[PDB]
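One chain follows as structure tokens, the form deposited in one PDB entry.
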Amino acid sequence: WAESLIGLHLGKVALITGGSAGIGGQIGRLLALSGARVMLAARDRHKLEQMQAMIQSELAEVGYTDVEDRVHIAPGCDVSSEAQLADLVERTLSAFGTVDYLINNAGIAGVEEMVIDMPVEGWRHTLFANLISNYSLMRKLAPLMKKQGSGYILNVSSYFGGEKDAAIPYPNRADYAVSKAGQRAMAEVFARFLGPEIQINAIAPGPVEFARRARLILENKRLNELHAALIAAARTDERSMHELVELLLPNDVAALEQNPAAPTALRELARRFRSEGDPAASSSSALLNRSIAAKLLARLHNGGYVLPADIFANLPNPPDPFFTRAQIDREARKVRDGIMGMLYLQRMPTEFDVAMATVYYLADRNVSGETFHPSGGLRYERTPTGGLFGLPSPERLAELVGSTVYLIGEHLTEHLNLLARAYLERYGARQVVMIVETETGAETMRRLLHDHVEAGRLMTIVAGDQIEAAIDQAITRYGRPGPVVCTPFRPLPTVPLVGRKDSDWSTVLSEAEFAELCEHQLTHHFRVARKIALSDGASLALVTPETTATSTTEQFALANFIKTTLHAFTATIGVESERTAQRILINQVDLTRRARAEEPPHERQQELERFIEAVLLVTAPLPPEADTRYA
């Protein structure tokens, strides 16, 4: 079966991260059979050694000699560590000389939580492991590729990283989805710079070849239903969140339902628990357990709600089982049937087959900037990214009277000034809280908005790199937001994206600068979305970098990289929020365009008004339902 492969990649040197198992192991195996010398990098030494021994044995079977020279390993390699990536490249070049194929295959599942349960450092770790590592190894290996005249970079992405002009939501997986989309976007925007010498493509396989995860889903559902009901009740109830949570302390579903003084949101939730609950499960008669309570308390504390850390210290523990085996097995079959039901071909691909298709694809010298699907044929949700638009309804705009608006930004002073004035002057917002990065940014906005500052309608807060603490200041001092608009603090850098063939690339976008780019243009939005969703914001517009007719070709590339990658975040958290009955509406407003000629004197003011209308379209709330006694 290896006859088609032998010789296909003879004389190539390949580095495969995550090479000890899964798709990466099979790509390493089949590249070796096809004649390439391979360096397999992974964290676990023992698994790598077994893989290396298996491959070398198979090479000897089909006639290669000196097989120890053809398959090397790099154990203990954590691709999230920049120092270890340098060590890996040094080890590889010492073994084999120049690398022909960089197979960026390593990937961690990530935090596996909803955004509002996702620690910021956990999100960052996923980005370093799954996305920044890919840029870093390219940055270390592309100079030698370009010098020798040929090279190939393959980022092993995922179907759940989306496609060129559409985003794919991956609820409870926003960090993973963003890193996958970033892998594809890196190929899309770096191809023109890396050509003609170097090809760069992504592969995005679909599903490839349990009770514990199902129980977690049910525990998460209980958490979401409680959190949404408490957030909603605190919105329209005179009682504090502290007083509302005290209603849950008896941990008695029927008693809460029957409490005439409990808010309707909580009473109706208790009725649902009793009706939809399995009578053999204690979740049908108890509101929560200690694990759910602690996670709920963290959500509330992370949303700026004030309540004692020991409020659940005397919570009665429901007896096992909280969910029955029947409930858990039912959810597990639902998960499995959902995944199987995606497959047009009704059969799960193997890792071997996906690797074989990838190894054939690597022979194709005429593709760059593409995302190849070695398996696919999937019925799954899809959100085409952006377009023509208009203004929202007059009744939705009338809902902005008296609102509290947060605006976040620094560099886009003209946008921030106009947006503040539109909310305040056109739609009678009560106040605008302007959250900037630095004192210099604060003074700039205060001068641009001096009239509204002097009248108490424009407040400024300096966030620095502590945006969550700044939002807590806004919550405490000025009240929770309705609309929030989040723009990046920083402009895009202007450094080269590739080096000249005979240069040392010393001025090219560094590994650290790429990480800084992700921090200011992706993580910035995730932190705001996380905090604002937790803090009961009504709507949130995420704004991507601006490009103008004077932007450089590299800035256009990076803007489109950010636009594509952020659309995966926006799509995912949108579906997460909808499916969990959070009310917050999260949307993305793009300021950039792919080509320079598409940029706007008069067209400038027209472009700024279009931005204003797009933001109003996604931040103007719906009017409440009418009083049924009269209308």
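Start at 1 with the first residue shown and count on from there. We call the rigid core the largest set of C-alpha positions that still match within 1.5 Å between the two forms.
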query	finding
At least a third of other PDB entries omit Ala597	yes
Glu381 to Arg382: deposited residues without atomic coordinates	none
Extent of unmodelled deposited sequence, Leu388 relative to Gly387	1 to 3
Average Cα temperature factor in the PDB entry - higher stretch of 457-465, 360-368	457-465
Given 351-359 and 427-435, the range whose Cα B-factors average higher in the PDB entry	427-435
Largest Cα B-factor, entry values, listed residues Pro143, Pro319, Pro374, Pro488	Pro319
Among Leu194, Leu509, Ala422, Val528 - the residue whose C-alpha B-factor is largest in the record	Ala422
B-factor third for the C-alpha atom of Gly28 within its chain	lowest
B-factor third for the C-alpha atom of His452 within its chain	highest
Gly19 - Cα temperature factor, lowest/middle/highest third of chain	lowest
Assigned third (lowest, middle, highest) for the C-alpha B factor of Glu519	lowest
Assigned third (lowest, middle, highest) for the C-alpha B factor of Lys164	highest
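Omitted from view is the form deposited with a small molecule bound, to which the following refers.
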item	value
Residue contact check: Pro207 to the small molecule in the bound PDB entry, 4.5 Å heavy atom	yes
Partner contact for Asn105 in the bound PDB entry: the small molecule, 4.5 angstroms, heavy atom	yes
Partner proximity in the bound PDB entry: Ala21 to the small molecule, non-hydrogen atom cutoff 4.5 Å	yes
Contact flag, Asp78 vs the small molecule in the bound PDB entry, heavy atom cut 4.5 Å	yes
Heavy atom within 4.5 Å of the small molecule in the bound PDB entry - the one residue of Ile532, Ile198, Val156, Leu522 that qualifies	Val156
Candidate from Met39, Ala36, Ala42, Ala571 lying within 4.5 Å of the small molecule in the bound PDB entry - any heavy atom	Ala42
Options 561-569, 42-50, 588-596, 60-68; stretch whose heavy atom lies within 4.5 Å of the small molecule in the bound PDB entry	42-50
C-alpha displacement of 2 Å or more between the shown form and the other one on the rigid core, among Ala262, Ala470, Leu424, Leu448	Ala262
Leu522 C-alpha shift between the shown form and the other one of 2 Å or more, rigid core reference	no
Did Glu370 shift 2 Å or more between the shown form and the other one, C-alpha, core superposed	no
Core-superposed comparison between the shown form and the other one, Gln555 Cα displacement 2 Å or beyond	no
